[PDB]
Amino acid sequence: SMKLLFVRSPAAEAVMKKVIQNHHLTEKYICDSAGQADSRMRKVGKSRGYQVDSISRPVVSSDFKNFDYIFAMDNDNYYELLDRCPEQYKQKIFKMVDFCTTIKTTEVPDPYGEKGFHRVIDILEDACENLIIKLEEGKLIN
């Protein structure tokens, strides 16, 4: 199993799970998140086919060892993660939006209007669809 950790991130996990299930790769990929989900995000996500239901847990050190890839939703998580990450694992850490190909964004935005919840899911659909394509081709390179 390839293990993906998302660190807005309950939404990332839910979108990525659905994308994996669409390509029938559920046996090959497990998703998790870290560091009850927003009731509005749950409603909106559900209307677009995504089951947003993660118990919000914290990133711990063993996550850097246990997961194969770790995806930050914005730039500040990204450098925070790197600053925290053992040297040997630093290559596992990616920005989510680096997988976008049609939305021209530099971070996943924090949703504040209510179109804001849709915009987060739009960005995640694009990035997650491309991320699964890349994961299937081989090592993630960036």
# chains A, B, ... in the order shown; residues from 1 in each chain; ligands from 1
$ closest_atom_pairs --of "region 8-61 of chain A" --to "region 105-123 of chain A" --cutoff "10 Å" --atoms "only C-alpha atoms" --output "Markdown table"
| residue | atom | partner | partner_atom | distance |
| --- | --- | --- | --- | --- |
| A:8 | CA | A:110 | CA | 7.2 |
| A:9 | CA | A:108 | CA | 9.6 |
| A:11 | CA | A:121 | CA | 7.3 |
| A:12 | CA | A:121 | CA | 8.0 |
| A:14 | CA | A:121 | CA | 9.9 |
| A:15 | CA | A:121 | CA | 7.6 |
| A:40 | CA | A:117 | CA | 8.0 |
| A:41 | CA | A:117 | CA | 6.2 |
| A:42 | CA | A:117 | CA | 9.7 |
| A:43 | CA | A:117 | CA | 9.8 |
| A:44 | CA | A:117 | CA | 7.0 |
| A:45 | CA | A:121 | CA | 7.5 |
| A:48 | CA | A:121 | CA | 8.8 |
| A:50 | CA | A:121 | CA | 9.5 |
$ closest_atom_pairs --of "region 63-93 of chain A" --to "region 129-142 of chain A" --cutoff "12 Å" --atoms "only C-alpha atoms" --output "JSON lines"
{"residue": "A:68", "atom": "CA", "partner": "A:139", "partner_atom": "CA", "distance": 10.2}
{"residue": "A:69", "atom": "CA", "partner": "A:140", "partner_atom": "CA", "distance": 8.7}
{"residue": "A:70", "atom": "CA", "partner": "A:140", "partner_atom": "CA", "distance": 11.2}
{"residue": "A:71", "atom": "CA", "partner": "A:131", "partner_atom": "CA", "distance": 10.5}
{"residue": "A:91", "atom": "CA", "partner": "A:141", "partner_atom": "CA", "distance": 9.0}
{"residue": "A:92", "atom": "CA", "partner": "A:140", "partner_atom": "CA", "distance": 8.6}
{"residue": "A:93", "atom": "CA", "partner": "A:142", "partner_atom": "CA", "distance": 9.9}
$ write_last_selection --atoms "C-alpha atoms" --output "PDB file, in the first residue's frame"
ATOM      1  CA  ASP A  68       5.227   7.589   1.694  1.00  0.00           C
ATOM      2  CA  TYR A  69       4.138  11.140   0.826  1.00  0.00           C
ATOM      3  CA  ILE A  70       3.028  14.175   2.856  1.00  0.00           C
ATOM      4  CA  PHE A  71       1.134  17.010   1.275  1.00  0.00           C
ATOM      5  CA  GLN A  91      11.799  14.352   0.040  1.00  0.00           C
ATOM      6  CA  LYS A  92       8.360  12.911   1.026  1.00  0.00           C
ATOM      7  CA  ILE A  93       7.016  16.409   1.606  1.00  0.00           C
TER       8      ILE A  93
END
$ atom_distance --atom1 "CA of residue 127 (chain A)" --atom2 "CA of residue 6 (chain A)"
12.5 Å
$ select_by_dssp --residues "region 19-117 of chain A" --states "strand (DSSP E)" --output "list in words"
residues 29, 30, 31, 32, 33, 69, 70, 71, 72, 93, 94 and 95 of chain A
$ atom_distance --atom1 "CA of residue 56 (chain A)" --atom2 "CA of residue 103 (chain A)"
27.1 Å
$ select_by_dssp --residues "region 43-114 of chain A" --states "alpha helix (DSSP H)" --output "PyMOL selection string"
chain A and resi 43-47+61-66+75-84
$ write_last_selection --atoms "N, CA and C atoms" --output "CSV table (one decimal), in the first residue's frame"
chain,number,residue,atom,x,y,z
A,43,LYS,N,-21.1,19.4,4.6
A,43,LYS,CA,-22.4,19.5,3.8
A,43,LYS,C,-22.0,19.7,2.3
A,44,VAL,N,-21.2,20.7,2.0
A,44,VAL,CA,-20.8,21.0,0.7
A,44,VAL,C,-20.1,19.9,0.0
A,45,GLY,N,-19.1,19.3,0.7
A,45,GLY,CA,-18.4,18.1,0.2
A,45,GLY,C,-19.3,16.9,-0.1
A,46,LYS,N,-20.3,16.8,0.7
A,46,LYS,CA,-21.3,15.7,0.5
A,46,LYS,C,-22.1,15.9,-0.8
A,47,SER,N,-22.5,17.2,-1.0
A,47,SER,CA,-23.2,17.5,-2.2
A,47,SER,C,-22.4,17.3,-3.5
A,61,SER,N,6.0,12.4,15.0
A,61,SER,CA,7.3,12.2,14.3
A,61,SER,C,7.3,10.9,13.4
A,62,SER,N,6.6,9.9,13.9
A,62,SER,CA,6.5,8.6,13.2
A,62,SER,C,5.8,8.7,11.9
A,63,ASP,N,5.0,9.7,11.7
A,63,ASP,CA,4.3,10.0,10.5
A,63,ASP,C,5.4,10.2,9.3
A,64,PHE,N,6.5,10.8,9.6
A,64,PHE,CA,7.5,11.1,8.6
A,64,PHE,C,8.2,9.8,8.2
A,65,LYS,N,8.2,8.8,9.1
A,65,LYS,CA,8.6,7.5,8.7
A,65,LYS,C,7.6,6.6,8.0
A,66,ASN,N,6.3,6.7,8.5
A,66,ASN,CA,5.3,5.7,8.1
A,66,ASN,C,4.6,6.0,6.8
A,75,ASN,N,1.9,27.1,1.9
A,75,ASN,CA,3.3,27.3,2.0
A,75,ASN,C,3.8,27.3,3.4
A,76,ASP,N,3.0,27.8,4.3
A,76,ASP,CA,3.5,27.9,5.7
A,76,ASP,C,3.6,26.5,6.4
A,77,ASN,N,2.6,25.7,6.1
A,77,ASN,CA,2.7,24.3,6.6
A,77,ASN,C,3.9,23.6,6.0
A,78,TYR,N,4.0,23.8,4.7
A,78,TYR,CA,5.1,23.3,3.9
A,78,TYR,C,6.5,23.4,4.6
A,79,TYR,N,6.8,24.7,4.9
A,79,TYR,CA,8.1,24.9,5.5
A,79,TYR,C,8.2,24.5,7.0
A,80,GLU,N,7.0,24.6,7.7
A,80,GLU,CA,6.8,24.1,9.0
A,80,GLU,C,7.1,22.6,9.1
A,81,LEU,N,6.5,21.8,8.1
A,81,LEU,CA,6.8,20.4,8.0
A,81,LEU,C,8.3,20.1,7.8
A,82,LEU,N,8.9,20.9,6.8
A,82,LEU,CA,10.3,20.6,6.5
A,82,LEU,C,11.2,20.9,7.7
A,83,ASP,N,11.0,22.0,8.4
A,83,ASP,CA,11.7,22.3,9.6
A,83,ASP,C,11.6,21.3,10.7
A,84,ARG,N,10.6,20.4,10.6
A,84,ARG,CA,10.2,19.4,11.7
A,84,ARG,C,10.7,18.1,11.2
